[PDB]
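Here is the structure we will look at.
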Amino acid sequence: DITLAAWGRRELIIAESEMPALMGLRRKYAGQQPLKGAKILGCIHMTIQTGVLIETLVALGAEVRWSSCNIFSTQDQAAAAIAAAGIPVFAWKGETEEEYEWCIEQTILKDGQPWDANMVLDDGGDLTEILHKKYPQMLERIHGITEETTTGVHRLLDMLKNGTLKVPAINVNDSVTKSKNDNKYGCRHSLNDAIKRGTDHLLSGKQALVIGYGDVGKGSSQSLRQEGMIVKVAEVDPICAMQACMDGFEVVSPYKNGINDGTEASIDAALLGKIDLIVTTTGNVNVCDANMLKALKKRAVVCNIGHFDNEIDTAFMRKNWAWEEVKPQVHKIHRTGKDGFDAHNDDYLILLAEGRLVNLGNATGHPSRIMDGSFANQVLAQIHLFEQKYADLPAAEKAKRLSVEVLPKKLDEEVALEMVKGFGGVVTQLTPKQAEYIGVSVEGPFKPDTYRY
Amino acid sequence: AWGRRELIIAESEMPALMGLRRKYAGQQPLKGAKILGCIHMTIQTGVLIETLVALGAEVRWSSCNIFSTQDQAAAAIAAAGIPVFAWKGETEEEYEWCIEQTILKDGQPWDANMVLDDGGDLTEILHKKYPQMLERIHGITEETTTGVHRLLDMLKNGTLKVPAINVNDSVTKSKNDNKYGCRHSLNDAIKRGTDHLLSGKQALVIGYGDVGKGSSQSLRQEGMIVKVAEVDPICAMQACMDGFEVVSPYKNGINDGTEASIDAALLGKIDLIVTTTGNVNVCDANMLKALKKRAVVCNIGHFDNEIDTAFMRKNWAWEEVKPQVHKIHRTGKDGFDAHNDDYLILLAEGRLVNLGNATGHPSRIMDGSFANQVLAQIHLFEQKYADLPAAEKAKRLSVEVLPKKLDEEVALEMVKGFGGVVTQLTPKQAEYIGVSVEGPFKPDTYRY
Amino acid sequence: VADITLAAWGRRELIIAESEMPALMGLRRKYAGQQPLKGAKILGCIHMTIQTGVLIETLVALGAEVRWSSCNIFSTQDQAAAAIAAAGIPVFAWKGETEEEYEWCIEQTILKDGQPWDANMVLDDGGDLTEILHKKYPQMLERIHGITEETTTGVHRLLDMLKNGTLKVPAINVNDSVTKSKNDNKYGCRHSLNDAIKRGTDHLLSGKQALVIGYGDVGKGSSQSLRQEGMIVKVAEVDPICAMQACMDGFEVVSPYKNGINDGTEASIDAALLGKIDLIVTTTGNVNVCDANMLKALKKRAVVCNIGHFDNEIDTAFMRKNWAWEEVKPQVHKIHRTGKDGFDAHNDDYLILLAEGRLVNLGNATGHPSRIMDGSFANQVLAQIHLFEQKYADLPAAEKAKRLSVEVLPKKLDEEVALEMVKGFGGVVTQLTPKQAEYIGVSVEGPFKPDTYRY
Amino acid sequence: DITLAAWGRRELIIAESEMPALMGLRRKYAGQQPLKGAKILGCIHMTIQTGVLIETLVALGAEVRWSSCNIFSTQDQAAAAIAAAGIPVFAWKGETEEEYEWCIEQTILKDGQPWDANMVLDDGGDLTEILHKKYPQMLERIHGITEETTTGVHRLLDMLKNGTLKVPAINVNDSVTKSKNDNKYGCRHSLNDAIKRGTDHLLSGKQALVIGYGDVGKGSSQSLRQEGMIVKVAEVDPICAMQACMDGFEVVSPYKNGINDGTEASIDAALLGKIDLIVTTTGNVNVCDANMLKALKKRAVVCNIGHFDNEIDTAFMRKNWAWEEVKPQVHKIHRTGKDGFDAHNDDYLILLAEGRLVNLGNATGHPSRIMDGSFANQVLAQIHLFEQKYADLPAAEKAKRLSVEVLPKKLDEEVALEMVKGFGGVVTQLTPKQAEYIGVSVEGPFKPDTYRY
Ligand SMILES: NC(=O)c1ccc[n+]([C@@H]2O[C@H](COP(=O)([O-])OP(=O)(O)OC[C@H]3O[C@@H](n4cnc5c(N)ncnc54)[C@H](O)[C@@H]3O)[C@@H](O)[C@H]2O)c1
Ligand SMILES: NC(=O)c1ccc[n+]([C@@H]2O[C@H](COP(=O)([O-])OP(=O)(O)OC[C@H]3O[C@@H](n4cnc5c(N)ncnc54)[C@H](O)[C@@H]3O)[C@@H](O)[C@H]2O)c1
Ligand SMILES: NC(=O)c1ccc[n+]([C@@H]2O[C@H](COP(=O)([O-])OP(=O)(O)OC[C@H]3O[C@@H](n4cnc5c(N)ncnc54)[C@H](O)[C@@H]3O)[C@@H](O)[C@H]2O)c1
Ligand SMILES: NC(=O)c1ccc[n+]([C@@H]2O[C@H](COP(=O)([O-])OP(=O)(O)OC[C@H]3O[C@@H](n4cnc5c(N)ncnc54)[C@H](O)[C@@H]3O)[C@@H](O)[C@H]2O)c1
Ligand SMILES: Nc1ncnc2c1ncn2[C@@H]1O[C@H](CO)[C@@H](O)[C@H]1O
Ligand SMILES: Nc1ncnc2c1ncn2[C@@H]1O[C@H](CO)[C@@H](O)[C@H]1O
Ligand SMILES: [K+]
Ligand SMILES: [K+]
């Protein structure tokens, strides 16, 4: 379908007014054109907030090839707007696992020849793995790697220890305006909006359980508390559990004594018989096991917010229990049956997004004003690695240039200022008598690298 | 009489210390530790300094930070026969007499191994005046910020070959005091000092650090329309996200000193100004004389130079209602008839809240403060310094911050105190993230 | 009517919905066998939706027969009526939308072939049935026991009609009830406003500045929705008492006019306050509460929404000839404030409106969630049983002049609905002890509070 | 040490700007002198803000005598300010009840002869019953009685039902400035202050129980939630218990299945072993029983914001459990020991506000700016009753003139407008065209008499 081209154009115009920090590059850095001949490829979710990134990159003179990393992430009006520039590009939502690979494989080929790529944009680390294992000759003129999310970073870390890593990498996720802006406040806007779009229930007075208290979990739990639920949290890391205790929640283990023995007798079935909704944030293997999932209340909602679907055991339910569909990203799953179910039965569960990313699945995603801070960091990081020309310096210099890297604080503050001025806010200036007092210039970093904010 | 009663309570609202004690009892991993302690006596350290010496340990204590010394803890200790006074002497001449009768009891010096210095002032004399004793030490524990700068630069300058460990950078130390300590204490104190209605009016808070983050919620949760001022763009970014309004006392924020630079329109509509930063002259005198009538002035930022009190004293007169609350009148240096319109009010002295209205935070907040240092001590005594050869030490030299493992063991007992429970991992699951069932779950770059 | 085979989808659509109405189901289960409504004959005219079908299916389960239609023109969901019609109850709600059918539907509802029907109860949804019953078929008024109405506009008509003597059989209104008013007004918009905003514009709602005109019972719910998301909001009002509550709840009270008076000249507008507001919400029923001069002073790229009923609460007539209109999505619009004759797409000074003075909650939403609509329909089921026990119609002509009166819903029947809604959340209420009740002076069965208690 | 009266006056003299309506009362009726030396007797727990009313009454030309209502609310330093103004007072904190009742009868009799009285102020009906069972020849002289609180309205209605009530009264709880303003926000502002001032504990992450969800219940719950607590709500009325679910609170019952029958096995020992703070807000005879506190967890803290001490079975705690006083307002209650104890026990109890009322027993109490409207209507009701002089009416007409009435609309609207202007708000004036259309006068009653506000 091609109708959505005009609709996305109006949304982008309103989106541009909502991203003052990223739009500043189109006026300041459009003069010297820092990026010339930087052939790169990208992979993160495609929303209207992603469209302006490709727009500015094309405007500055760079060219990209792009793809989505999750099945239920694509916004059909955002993808059509980028295709309106005449590029033949294919991307959509709701495809099988085999079709998901077929799009990535089309990205890195041009009718027979691999792309002459120099840098990458990869979240999760999927496309990272294919290029190392399947096409060893792709990484021959690569300068760096730009990674957005946490799951990718762990993919990068172990590959340094084994020596398979061959090029330096930058971790944009560590910037303060990414993890303290996108992970925390991004999910708070989107979670409860996505939930109410699917079930269309009244959230006031119900009970919910959230697993994990990381940066995503904080915003998710706030997004549910601000609607009127009663929320409880579980955690393995005592620091996060302490934060949960001091933020006004209750902490509990879904297994007896907090020890997952493996048998059904170790499940605290009493407490799980009073829970109406489950959200999983951990991004780990099997944090919602099949033995747990058979002890929940009738007509209970299950959803996942982590990047991968290893959090809930959807494999067991497909082999034992029956499935029926209500609407996209909504399912009904009866118990004690495989061949069929009674039409008037009341013993069933309901699943959202099939255990995948729910807020991009059942909703639009994070607002345009939040991704502004997460994208200027990426664009600045792209420059900071291009001029170094890692493909050209001699191997005698390569052995010392391969080290951990991250953007400095001044480049982050130059984005934070333009974001703050977008709201109509004002930032004061220090007199010289005060600037010399604290050891910080009138213009420069006000905090060290150890500061946690 | 009453000084013996609070000890039972003090044992009762410290879950972590008693949990560690009952975990390590029987085994007694450490016996006859030679900690020479000098941190200020407080109501929480009473048991582990008087019970042990009553059973027969017979180890003396002292107070380095005399300004923070409280007579209540000393009176609680005084119920025993230990010759300790901790009196408010405040004179050096009589103080030297007390010192000499403590180091030696039976005529011989005691084999002190570690000094508990959190001031870093006497640590550069005596023990370094003759290096004979310096060959038998274990470590050092300092808490004050910018006070360890002396240790750090006389380490880099090359006059020390001893690594130092910092207790302040611990994760549990940051959130308990910087963020969660202020949110509980500010809202109670601001109302306790004046008994006003924090609803419908407008307030102005300066800075959006950890203290500012804690203060803004303590004011906004009651219905006060709060505004924030900040020089750091990142803190202002967090200010805009939490739902606050960011403004500037100066026209476009440029402080020229002339009267035509102050935006006097806003200052006449604002009902409160409070300072949370640590910078100098943040409350300027030019905007001080252009506030709305009958505003309240507050300060918590540990610095007395934030508000221009000198200009205020030389131009405006005070009224001493009591030594705990001060009123100030803007009519002139004297001559108020009975009650006028032009006046302001000050909390305690303008300097600190800790002048006597309230001390610190409730014991549950300060549970972790003393918990980290005792684990730092237990870690050092597990291994003997003289048994490690000096060869391979010089072959592998590095400086490392406190391991995350010791801090997690603090929070486990403290979460268990509230009634929660923490799930144990499975061997198959723990290999996906690359950390064992008990190992540190986060890298050192991760910001909690 | 379309396909009868598609009623199967409506069947399971009702079945899934049934899980979220505990009160209706509790009253259905408890009254089985006792049969309160045996022999009753009911007429209904409420707009046909999913929950409406629940109302019809729960009325017929207790032993009553019903005939149904729709008072409204545009409000009809064809899926739900098919299920009930297949179940075996005569239904006549469809989307004709033609003037010829409007005259045909009214007489056909009661008269089928020339022989009048033996009606005994009426449910009206605005007062249309009440008018035609007393004015055009007075011959059958002797057999009707009473009428129940849930809308205030029909209540005023009913009361004005009472004085003229045209009313002949009693009626009961339910709008003033607690479980009707608070659920329909406050919780209804608190859940829906911020959901409707975020589906329309997708804007980062936290950090921006909003204005709310009015603090009525709807206004409080609309104002609480925004403050929990992360905005800053302002309140404007004309009533001193209800304005005093906003100051205590943590707001700031302002006016769009200088000194509060409106002389009608350009100098009376406060531009120091309208220049920073990007969201304005009107929660009144009055006319022209937002004048054309406020629309010339608003900040660029602002959002306006109306939650009343009329296109006359805000000055759309001033924008109907001076400004240009452009459509963004199904129900959001752009209004460019640079002129009339043409406009480029890269304009800055435009404005954004939601549904222009019309319903915002039927255009792209399903309105109130199904749990609140439980409380509106479960109040009307108890009234019909109450009127049935009184037995007005069969009384002698002498005693018919003493029973006739207008009365509000009794407090005890009000408390019955609330009991079976708390148990839907798993809530367990406490039962009074005989020793305790006599100390307070209320019955163990209830009620517990006076009739003028301000809830 | 009476000399604290100077400090009391100095504290009192700076609270004038918080009460605009009470000031405007003088700025409107100083030129008429309505009381003209009328004799006003009353009873209420006195404070600085009641001292403002007392000094206003004295400045209006009258002379009053005043007694205390609660043991803990003497406020010797605050009462000394009025005591130095020639008005004798008889109160002493911590006094035995026999001395208090001997003091109460002291002011009734002056030189062996009953003092003159024209109006009476009352709190809780304690003085009214004394007047009705002692010197019954006193009621005929009194012209009117002004009283407050929900309980007092019930007492007056019961008296009217018995038919023995004379000298009609005026109900002030009906007015908005007293019901939905004083009752809700006074607790929300004072409860946390009092408990944190008395106990100094941390009020984040713990569990508490609040019984009843009326106006005072609707107010006291928010202060606990905003401090980070997780609290539970129970009540007997379905209507008010429904509101708790919609506000986001959780509903339980101390008894199994909701049926109480008086046996030890009928209570639910599960939830009671978790709650640590109990605030009871019903003002009844018995909301908790003897066996409720046997299942209570160790070291809980008790509270009472009702009207009487009946709501705790203090008689049960007196016969079997010994009391030993160690610290004012905070002392220990043992659970199993009698006439002796072991050296150490972990099973004692912590008490606050023994039997009597919190806040104004352990703190300053209700603040000044909130109680502007209450005292404003308190004075204006006396003015209104004075505008309907008695002892001039026809004898045959007196029988049919007696009726029950409530304060009209415009007076309360003017009081509210006075309070609005004190915060800086501006109220819009309705246009003449909008008066014709809606059908309300420009300044008259805007709400129908049945509005629930
Ligand atoms: N959808 C989005 O917009 C988005 C954004 C960022 C990150 N993510 C995803 O979120 C996930 C985690 O993000 P993060 O930055 O919050 O991670 P994080 O590392 O900061 O925190 C994860 C938490 O899980 C806890 N945990 C681990 N195993 C547990 C168990 N069995 N039970 C309870 N707690 C357990 C850890 O202690 C930790 O506190 C990743 O999969 C990442 O890709 C999604
Ligand atoms: N309350 C306590 O118990 C306690 C204990 C120790 C220290 N402190 C004090 O707390 C102070 C601040 O605490 P923190 O570490 O959370 O703050 P911080 O160190 O994180 O930063 C304070 C903020 O003030 C801002 N600031 C500086 N100059 C400013 C100016 N002219 N105008 C506006 N804003 C300005 C800075 O940008 C910064 O954001 C420290 O200076 C320290 O002395 C308090
Ligand atoms: N859309 C919905 O979901 C919904 C729900 C219930 C009711 N309603 C209807 O919409 C309206 C909602 O109002 P309500 O039920 O809360 O009644 P209400 O009478 O309590 O509200 C009237 C409010 O408007 C204020 N007001 C009146 N004229 C004003 C003016 N010129 N400027 C400023 N403030 C002014 C009054 O002070 C008062 O606060 C009613 O007409 C009601 O029938 C709509
Ligand atoms: N400072 C103070 O101490 C102070 C201040 C103001 C008011 N009050 C008290 O407030 C009370 C009035 O509150 P209100 O105005 O909300 O009146 P209210 O009658 O509406 O509230 C009392 C509530 O208790 C509930 N209830 C009755 N018996 C119960 C039981 N056994 N268990 C549980 N719930 C039960 C009722 O359903 C009702 O909701 C009075 O008792 C008065 O003494 C005290
Ligand atoms: N609207 C969005 N557009 C693009 N990426 C997004 C959006 N919302 C979240 N993400 C990214 O998705 C990743 C994992 O879900 C995160 O790194 C986050 O930055
Ligand atoms: N400090 C106070 N001063 C005056 N009235 C108060 C105070 N605290 C509570 N009240 C009132 O006392 C009554 C019951 O305590 C209520 O009407 C309440 O509003
Ligand atoms: K979005
Ligand atoms: K007081």
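For the structure tokens, the naming scheme is as follows: chains receive sequential letters (A, B, ...) according to their order of presentation, residues are indexed from 1 within each chain, and ligands are indexed from 1 in presentation order.
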Among the residues of region 318-369 of chain B, find those DSSP assigns to strand (DSSP E) from the backbone and print them as an mmCIF file with C-alpha atoms, in the first residue's frame.
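Result went into part-v1.cif, see below:
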```
data_model
loop_
_atom_site.group_PDB
_atom_site.id
_atom_site.type_symbol
_atom_site.label_atom_id
_atom_site.label_comp_id
_atom_site.auth_asym_id
_atom_site.auth_seq_id
_atom_site.Cartn_x
_atom_site.Cartn_y
_atom_site.Cartn_z
ATOM 1 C CA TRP B 318 16.639 42.083 62.645
ATOM 2 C CA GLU B 319 14.251 41.153 65.442
ATOM 3 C CA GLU B 320 15.263 38.309 67.767
ATOM 4 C CA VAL B 321 12.012 36.533 68.600
ATOM 5 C CA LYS B 322 14.049 33.569 69.890
ATOM 6 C CA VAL B 325 13.766 31.762 64.725
ATOM 7 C CA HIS B 326 14.737 35.220 63.467
ATOM 8 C CA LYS B 327 12.521 37.904 61.946
ATOM 9 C CA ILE B 328 13.838 40.723 59.763
ATOM 10 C CA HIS B 329 12.200 44.035 58.842
ATOM 11 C CA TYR B 343 9.618 42.459 56.456
ATOM 12 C CA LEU B 344 10.884 38.913 55.888
ATOM 13 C CA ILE B 345 11.688 35.830 58.003
ATOM 14 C CA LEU B 346 14.626 33.441 58.477
#
```
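Cα RMSD of chain D against chain A, computed after a least-squares overlay on all Cα atoms in order: 1.3 Å.
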All residues 9 Å or closer to residue 138 (chain D), only C-alpha atoms, same chain fewer than 6 positions away omitted, as an MDAnalysis selection string: chainID D and resid 114 117 131:132
Any chance you can output those residues with N, CA, C and O atoms as a PDB file, in the first residue's frame?
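result-v4.pdb was written with the following content:
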```
ATOM      1  N   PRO D 114     -25.938  31.808  89.071  1.00  0.00           N
ATOM      2  CA  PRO D 114     -25.644  31.478  87.668  1.00  0.00           C
ATOM      3  C   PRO D 114     -25.399  32.729  86.836  1.00  0.00           C
ATOM      4  O   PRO D 114     -26.198  33.670  86.849  1.00  0.00           O
ATOM      5  N   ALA D 117     -26.065  34.519  80.314  1.00  0.00           N
ATOM      6  CA  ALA D 117     -25.653  33.922  79.053  1.00  0.00           C
ATOM      7  C   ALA D 117     -26.702  34.215  77.991  1.00  0.00           C
ATOM      8  O   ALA D 117     -27.904  34.150  78.263  1.00  0.00           O
ATOM      9  N   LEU D 131     -25.728  20.966  80.921  1.00  0.00           N
ATOM     10  CA  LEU D 131     -26.717  22.029  81.049  1.00  0.00           C
ATOM     11  C   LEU D 131     -28.127  21.458  81.160  1.00  0.00           C
ATOM     12  O   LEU D 131     -28.968  21.994  81.891  1.00  0.00           O
ATOM     13  N   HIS D 132     -28.406  20.371  80.437  1.00  0.00           N
ATOM     14  CA  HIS D 132     -29.731  19.760  80.488  1.00  0.00           C
ATOM     15  C   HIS D 132     -29.985  18.931  81.743  1.00  0.00           C
ATOM     16  O   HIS D 132     -31.152  18.729  82.095  1.00  0.00           O
TER      17      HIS D 132
END
```
Distance filter 12 Å, only C-alpha atoms, chain B against chain C, as an mmCIF file with N, CA and C atoms, in the first residue's frame:
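Below you can see result_16.cif, which holds the result:
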```
data_model
loop_
_atom_site.group_PDB
_atom_site.id
_atom_site.type_symbol
_atom_site.label_atom_id
_atom_site.label_comp_id
_atom_site.auth_asym_id
_atom_site.auth_seq_id
_atom_site.Cartn_x
_atom_site.Cartn_y
_atom_site.Cartn_z
ATOM 1 N N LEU B 197 0.665 27.167 54.837
ATOM 2 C CA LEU B 197 -0.078 26.309 53.919
ATOM 3 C C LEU B 197 0.682 26.216 52.601
ATOM 4 N N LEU B 198 1.171 25.017 52.286
ATOM 5 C CA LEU B 198 1.922 24.783 51.052
ATOM 6 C C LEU B 198 0.969 24.295 49.959
ATOM 7 N N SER B 199 0.067 25.189 49.562
ATOM 8 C CA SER B 199 -0.912 24.870 48.525
ATOM 9 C C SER B 199 -1.388 26.163 47.887
ATOM 10 N N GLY B 200 -1.224 26.277 46.568
ATOM 11 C CA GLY B 200 -1.701 27.411 45.811
ATOM 12 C C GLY B 200 -0.686 28.519 45.612
ATOM 13 N N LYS B 201 0.284 28.646 46.514
ATOM 14 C CA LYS B 201 1.311 29.671 46.390
ATOM 15 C C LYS B 201 2.363 29.213 45.382
ATOM 16 N N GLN B 202 3.436 29.988 45.242
ATOM 17 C CA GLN B 202 4.492 29.688 44.287
ATOM 18 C C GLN B 202 5.843 29.720 44.987
ATOM 19 N N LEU B 219 8.277 19.542 48.069
ATOM 20 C CA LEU B 219 7.381 20.691 47.969
ATOM 21 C C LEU B 219 6.193 20.456 47.036
ATOM 22 N N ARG B 220 6.382 19.738 45.927
ATOM 23 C CA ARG B 220 5.320 19.611 44.934
ATOM 24 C C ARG B 220 4.234 18.629 45.359
ATOM 25 N N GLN B 221 4.570 17.635 46.184
ATOM 26 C CA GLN B 221 3.575 16.661 46.615
ATOM 27 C C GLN B 221 2.505 17.263 47.514
ATOM 28 N N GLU B 222 2.711 18.478 48.024
ATOM 29 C CA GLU B 222 1.715 19.155 48.842
ATOM 30 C C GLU B 222 0.879 20.163 48.064
ATOM 31 N N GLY B 223 1.188 20.397 46.794
ATOM 32 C CA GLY B 223 0.425 21.317 45.979
ATOM 33 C C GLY B 223 1.060 22.668 45.726
ATOM 34 N N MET B 224 2.350 22.828 46.002
ATOM 35 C CA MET B 224 3.033 24.085 45.729
ATOM 36 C C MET B 224 3.488 24.125 44.276
ATOM 37 N N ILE B 225 3.187 25.227 43.591
ATOM 38 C CA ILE B 225 3.630 25.429 42.212
ATOM 39 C C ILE B 225 5.106 25.812 42.266
ATOM 40 N N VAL B 226 5.978 24.854 41.960
ATOM 41 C CA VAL B 226 7.418 24.994 42.148
ATOM 42 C C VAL B 226 8.063 25.452 40.848
ATOM 43 N N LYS B 227 9.105 26.274 40.977
ATOM 44 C CA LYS B 227 9.951 26.669 39.862
ATOM 45 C C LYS B 227 11.402 26.360 40.205
ATOM 46 N N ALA B 236 18.750 20.718 34.350
ATOM 47 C CA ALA B 236 17.549 21.378 33.848
ATOM 48 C C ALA B 236 16.729 20.446 32.964
ATOM 49 N N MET B 237 17.395 19.577 32.201
ATOM 50 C CA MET B 237 16.681 18.578 31.410
ATOM 51 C C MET B 237 15.871 17.654 32.307
ATOM 52 N N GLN B 238 16.480 17.180 33.395
ATOM 53 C CA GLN B 238 15.708 16.370 34.338
ATOM 54 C C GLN B 238 14.603 17.180 35.007
ATOM 55 N N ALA B 239 14.827 18.478 35.217
ATOM 56 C CA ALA B 239 13.801 19.323 35.820
ATOM 57 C C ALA B 239 12.580 19.443 34.917
ATOM 58 N N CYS B 240 12.799 19.593 33.609
ATOM 59 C CA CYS B 240 11.675 19.729 32.687
ATOM 60 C C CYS B 240 10.892 18.430 32.550
ATOM 61 N N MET B 241 11.545 17.283 32.746
ATOM 62 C CA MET B 241 10.869 16.000 32.578
ATOM 63 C C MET B 241 9.959 15.671 33.757
ATOM 64 N N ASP B 242 10.362 16.039 34.974
ATOM 65 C CA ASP B 242 9.564 15.719 36.151
ATOM 66 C C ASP B 242 8.298 16.558 36.259
ATOM 67 N N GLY B 243 8.121 17.549 35.394
ATOM 68 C CA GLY B 243 6.933 18.368 35.394
ATOM 69 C C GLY B 243 7.066 19.712 36.069
ATOM 70 N N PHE B 244 8.264 20.284 36.109
ATOM 71 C CA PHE B 244 8.509 21.562 36.759
ATOM 72 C C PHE B 244 8.728 22.651 35.717
ATOM 73 N N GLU B 245 8.757 23.890 36.194
ATOM 74 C CA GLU B 245 8.954 25.064 35.356
ATOM 75 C C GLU B 245 10.300 25.688 35.694
ATOM 76 N N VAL B 246 11.109 25.951 34.671
ATOM 77 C CA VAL B 246 12.458 26.476 34.845
ATOM 78 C C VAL B 246 12.474 27.946 34.439
ATOM 79 N N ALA B 265 9.629 41.667 37.679
ATOM 80 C CA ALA B 265 8.232 41.257 37.570
ATOM 81 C C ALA B 265 8.005 39.891 38.205
#
```
Go through region 187-231 of chain B residue by residue and, counting only C-alpha atoms, keep those with an atom at most 6 Å from region 270-281 of chain B; for each kept residue give the shortest atom pair and its distance in Å to one decimal, ordered by chain and increasing number, as JSON lines.
```
{"residue": "B:202", "atom": "CA", "partner": "B:271", "partner_atom": "CA", "distance": 5.3}
{"residue": "B:203", "atom": "CA", "partner": "B:272", "partner_atom": "CA", "distance": 4.4}
{"residue": "B:204", "atom": "CA", "partner": "B:273", "partner_atom": "CA", "distance": 4.7}
{"residue": "B:205", "atom": "CA", "partner": "B:274", "partner_atom": "CA", "distance": 4.9}
{"residue": "B:206", "atom": "CA", "partner": "B:275", "partner_atom": "CA", "distance": 5.0}
{"residue": "B:207", "atom": "CA", "partner": "B:277", "partner_atom": "CA", "distance": 5.6}
{"residue": "B:212", "atom": "CA", "partner": "B:276", "partner_atom": "CA", "distance": 5.7}
```
Write the residues you've just listed into a file as a short mmCIF file (atom, residue, chain, number, x, y, z; two decimals), in the first residue's frame, and include N, CA, C and O atoms for each of them.
```cif
data_model
loop_
_atom_site.label_atom_id
_atom_site.label_comp_id
_atom_site.auth_asym_id
_atom_site.auth_seq_id
_atom_site.Cartn_x
_atom_site.Cartn_y
_atom_site.Cartn_z
N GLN B 202 3.44 29.99 45.24
CA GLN B 202 4.49 29.69 44.29
C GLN B 202 5.84 29.72 44.99
O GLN B 202 6.12 30.63 45.77
N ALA B 203 6.68 28.73 44.70
CA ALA B 203 7.99 28.60 45.30
C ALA B 203 9.07 28.62 44.22
O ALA B 203 8.80 28.34 43.05
N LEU B 204 10.29 28.95 44.64
CA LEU B 204 11.44 28.96 43.75
C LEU B 204 12.59 28.24 44.44
O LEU B 204 13.03 28.66 45.52
N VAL B 205 13.06 27.16 43.83
CA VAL B 205 14.18 26.38 44.34
C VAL B 205 15.33 26.49 43.35
O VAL B 205 15.10 26.56 42.14
N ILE B 206 16.55 26.52 43.86
CA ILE B 206 17.74 26.78 43.06
C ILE B 206 18.54 25.49 42.93
O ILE B 206 18.85 24.83 43.93
N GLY B 207 18.86 25.12 41.69
CA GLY B 207 19.64 23.92 41.43
C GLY B 207 18.76 22.69 41.31
O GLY B 207 17.69 22.59 41.90
N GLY B 212 18.40 19.00 45.13
CA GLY B 212 17.29 19.67 44.48
C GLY B 212 16.22 18.71 44.02
O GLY B 212 15.02 18.99 44.13
#
```
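If we count only C-alpha atoms, these residues of chain A sit within 9 Å of chain D: residues 203, 204, 205, 206, 225, 227, 228, 229, 230, 244, 245, 246, 247, 248, 249 and 250 of chain A.
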Restricting it to C-alpha atoms, dump the selection as a compact mmCIF listing (two decimals), in the first residue's frame.
```txt
# COMPACT_ATOMS: atom_id res chain seq x y z
CA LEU A 203 -7.05 0.13 35.39
CA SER A 204 -8.26 1.66 38.68
CA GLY A 205 -8.38 -0.81 41.57
CA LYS A 206 -6.61 -3.75 39.91
CA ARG A 225 1.04 3.57 39.41
CA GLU A 227 -3.26 5.22 36.56
CA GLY A 228 -4.41 3.75 39.88
CA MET A 229 -3.27 0.13 40.10
CA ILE A 230 -1.60 -1.70 42.98
CA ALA A 244 11.70 -0.41 44.93
CA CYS A 245 11.23 -0.45 48.71
CA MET A 246 11.93 3.29 49.00
CA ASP A 247 9.70 4.28 46.04
CA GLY A 248 6.48 2.98 47.60
CA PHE A 249 6.07 -0.59 46.32
CA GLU A 250 6.14 -4.08 47.79
```
